[PDB]
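One chain is shown next in structure tokens, namely the form deposited in one PDB entry.
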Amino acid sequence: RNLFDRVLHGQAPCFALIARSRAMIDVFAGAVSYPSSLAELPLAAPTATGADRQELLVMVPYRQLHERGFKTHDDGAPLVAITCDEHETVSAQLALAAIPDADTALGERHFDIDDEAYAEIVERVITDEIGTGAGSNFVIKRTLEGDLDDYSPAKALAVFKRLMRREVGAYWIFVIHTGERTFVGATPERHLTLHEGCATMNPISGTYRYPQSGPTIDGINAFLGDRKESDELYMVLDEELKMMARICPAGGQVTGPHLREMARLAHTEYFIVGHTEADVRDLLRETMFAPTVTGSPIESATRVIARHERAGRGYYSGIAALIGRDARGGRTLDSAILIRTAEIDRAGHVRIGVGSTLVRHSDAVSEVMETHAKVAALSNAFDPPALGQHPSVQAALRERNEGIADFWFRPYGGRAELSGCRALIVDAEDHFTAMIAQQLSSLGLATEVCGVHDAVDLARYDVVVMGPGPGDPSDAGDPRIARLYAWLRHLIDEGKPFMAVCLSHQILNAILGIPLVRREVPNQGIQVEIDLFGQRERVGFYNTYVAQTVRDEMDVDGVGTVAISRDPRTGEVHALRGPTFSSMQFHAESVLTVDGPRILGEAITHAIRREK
């Protein structure tokens, strides 16, 4: 059982998961202590083991600034040091799949200082501090607050998980649990890195708030052309250059700037690199805390912060530092600024600090909106933010079943005059015939299906049904179509009761001397209200060619008088009723036909009229 599994099952009372820079997660565990100063951090003498090794994970709280002679609201937040007794790496994707989900909804979720209040403080800082020469820029914290129910670290694991899957452009994504306090966050900004004497800082400032609909090229350009935003960045550049001038004898060298893209916002940024050989404790002490989260000049910024924030800061604007050794015993520092981070206590009470760099041309409502944008990804990580399930859609779907065939919706189990009658169904290459058989069956007929070329004894049946099919009914050069002409001529001649459907209805019309025409707009898969021998019916059509006539009755040699149901406007024929037969252009069997079985029954009843 690796360390990460032990962390997952609560076997590690003190641990850290840190996703830095397959993406890998660093997994740490060991002993907690709370030393009294940065001087007293438990660091051993130098040793090179032949590989990189982390020694201490340290959380520096805002109050630590006492070590620099600066005033803070002292809230007792300890300097935390966790000895990296164990350290493994696990694949980010694998880890996340192992992490169980959890309800991490924030209860009684609100800011300690609301928008109107925060806006008044912003204005005050601009007028009374920047406007009286206290400095050029300042960051004033406020705190998003909430309560997790049944809090345990597993819930922090769940938030870490969503953060990893949803947030982008972070420098560190992490969850650090010390025993009494849990930190979860996705910070964009390193505090200070140190590798082989090369120190790096990352002054970040300037913020583009993504619209709900997503970032745009126009939005970004307008931001990159905003004087306020540009000045903001140069100011923290300058401030961080002072810091680098202090810890690095030859000073810093700027590179950049870059656009850091995150999930809800984008930032502008520069990098500063320089050389230093100072002790890591000194470097930490002397860089408390980045100007991007305090202000400038720094000592005056702490004064200003104390004047306008009634509460202490906890770890907000503080540092999480990984202190370690390279293969050859050289000092290494990877540290990040504790912003975009939640502090959770044993009770489940969640504090998320957030501020903004206030400048002489800051607009207060924007800075308010900027704080919302900054907490947005973390906040979503706690409380993540259907068309089918919409009542308009549910309604429109239900409408599809109104005014179509009831039969086909009835349970295939439970669904006189004709009961007992034997029918033969002749298939013209369209399995609509199988549907015709089922419906005739439901009327009490016994039924049998065969093909057009098959040789059949026509004494075993009371009524013959001439089925539908593809093609042009005028096409006697199609052997199948010619074959159907033969069948119908034979049925008519013999006086055998029959019902012709669609293609065969058409053929019958030709045989009786009624013209066939092609419809310009075909009637292929359409339900139509028609007068069927004096009764409104709604029926399904699947035809392109149609019989056309001006006559409502026609007298035909070798047959007798045939009644014709037609459209009076167009002359299009829907059905024939002859002395010994009936026919339909439409498909009674179709889902598009209403009361198909009734209609077929009336068709059959009529066809067998001279029998009795």
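We number the residues from 1 along the sequence you see. Between two forms, the rigid core is the largest collection of C-alphas that superpose within 1.5 Å.
- Unmodelled deposited residues between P385 and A386: 4 to 9, per the record.
- Between the stretches 259-267 and 465-473, it is 465-473 that shows the larger average CA temperature factor.
- Here 392-400 and 233-241 are compared by their mean Cα B-factor, and 392-400 comes out higher.
- For the set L532, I272, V280, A98, the PDB entry puts the maximum C-alpha B factor at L532.
- Within the listed group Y542, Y208, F289, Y485, the record reports its top CA B-factor for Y485.
- Residue-level temperature factors show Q506 in the middle third of its chain, judged at the C-alpha atom.
- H177 sits in the lowest third of its chain by CA B factor, as recorded in the PDB entry.
- Compared with the other modelled residues of the chain, the Cα B-factor recorded for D147 ranks in the highest third.
- Ranked by C-alpha B-factor against the other modelled residues of its chain, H587 falls in the middle third.
- The PDB entry assigns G197 a C-alpha temperature factor belonging to the middle third of its chain's modelled residues.
The discussion below concerns the form deposited in another entry, not included here.
- Just one residue from the list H87, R109, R181, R538 crosses the 2 Å line for C-alpha shift between this form and the one not shown on a rigid core fit, and it is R538.
- Once both forms are fitted on their rigid core, the CA atom of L600 lies 2 Å or more apart between this form and the one not shown.
- Once the rigid core is overlaid between this form and the one not shown, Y316 does not reach a Cα shift of 2 Å, moving by less than that.
- When the rigid core is held fixed, the Cα atom of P61 travels less than 2 angstroms between this form and the one not shown.
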